[PDB]
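The chain that follows stands alone, in the form deposited in one PDB entry, written as structure tokens.
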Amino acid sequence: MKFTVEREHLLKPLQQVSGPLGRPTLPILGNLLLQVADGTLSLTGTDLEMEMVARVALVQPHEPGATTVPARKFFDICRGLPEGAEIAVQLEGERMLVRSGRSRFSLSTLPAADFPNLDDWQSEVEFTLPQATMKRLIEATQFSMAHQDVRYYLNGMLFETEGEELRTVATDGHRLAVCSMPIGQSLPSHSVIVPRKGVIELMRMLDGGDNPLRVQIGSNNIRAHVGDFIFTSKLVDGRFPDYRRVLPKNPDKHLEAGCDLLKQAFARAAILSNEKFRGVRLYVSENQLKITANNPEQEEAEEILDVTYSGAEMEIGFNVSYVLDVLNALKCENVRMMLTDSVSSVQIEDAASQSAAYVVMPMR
């Protein structure tokens, strides 16, 4: 195995395939698989749950073969070499020699044949969409995912195909985000759970260009192709809860207000909320919202804002972090809060589009 590649054709690929890898439980898991074959260097990183594969074309002399070497050491070497460096690599038994200028690096190898390999699987649904759509879908809901919950499925993100739409759902038990976006193709109905780390990789591989995303989904896997990267993840086995089941029945009490005015008042109020419980109270009345927080020292914050509202007056408490998370993920001009009563969750949406909705439970 031999190749010589210019630094910058190696770097971005090396970073992408390092993404699944911290502290490797076993040595081979900290390695990348390098393969030269029919004119192409493939780089593969895995954590056993997912794989990221990069392909780099080789325009300079090369010879086939395969080995594995430490991912971070090799990345840091290529990164630290000077701009435009030629990186000449050759497998030499138990070492892989890397040379560039008068820099020389000897990396210890482990057999390519020992590198872990995701099992072959079959595609069942396929579609293409813009990267901006996939980014939109993920950033809309990602924050609502659970973090290291014993209920393993909540640590992921639900991906769901219905009619002409791709949808994401995330929840942690206390709050929910769902976001549907259309993609100009009719589709079958699959409902799959992507693991937290896969959602991060998916996001990581969107460059913000005009290469579209090809998605493939099987019973137990998901694959995304962007440009010269192929990301494949095992799917999480479980039942994600049902979003239709938890949206509010009849929240015909509608408050409309500026997203940023609301965010900043909630932000200011939160400063004097309970440090642990983060509760604030909202008083709604004709065209007016009042937000108050207090903490056990009897410090108090009050914010008054003009809003659009015709309903009966009411009063309700929310965890201000959850509201702020929602308003931060909204990044729109106006928000719609759809209330029922002081003991019922609120549904929050961009006032100008129902493509996303958020459910937050009330607190006493």
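Sequential numbering from 1, following the sequence displayed.
There is also a form solved in complex with a partner chain; it is not shown, and the following applies to it.
Chemist: Which of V246, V226, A132, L118 has a heavy atom within 4.5 Å of its partner chain in the bound PDB entry?
Modeler: So the residue touching its partner chain in the bound PDB entry, by this definition, is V246.
Chemist: Which of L176, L213, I217, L255 has a heavy atom within 4.5 Å of its partner chain in the bound PDB entry?
Modeler: So the residue touching its partner chain in the bound PDB entry, by this definition, is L176.
Chemist: I'd like to know if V343 sits close to its partner chain in the bound PDB entry, meaning any non-hydrogen atom pair within 4.5 angstroms.
Modeler: Output for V343 is yes: heavy atoms within 4.5 Å of its partner chain.
Chemist: Hey, in the bound PDB entry, is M361 touching its partner chain, heavy atoms inside 4.5 Å?
Modeler: Yes - in the bound PDB entry, heavy atoms of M361 and its partner chain come within 4.5 Å of each other.
Chemist: Contact with its partner chain in the bound PDB entry for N155, defined as at least one heavy atom pair within 4.5 Å: yes or no?
Modeler: No, no contact at 4.5 Å.
Chemist: Using heavy atoms and a 4.5 Å limit, would one call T44 a contact residue for its partner chain in the bound PDB entry?
Modeler: Answer no; every heavy atom of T44 is more than 4.5 Å from its partner chain in the bound PDB entry.
Chemist: Pick the stretch from 205-213, 192-200, 166-174, 133-141 whose residues have a heavy atom within 4.5 Å of its partner chain in the bound PDB entry.
Modeler: Result of the contact check: 166-174.
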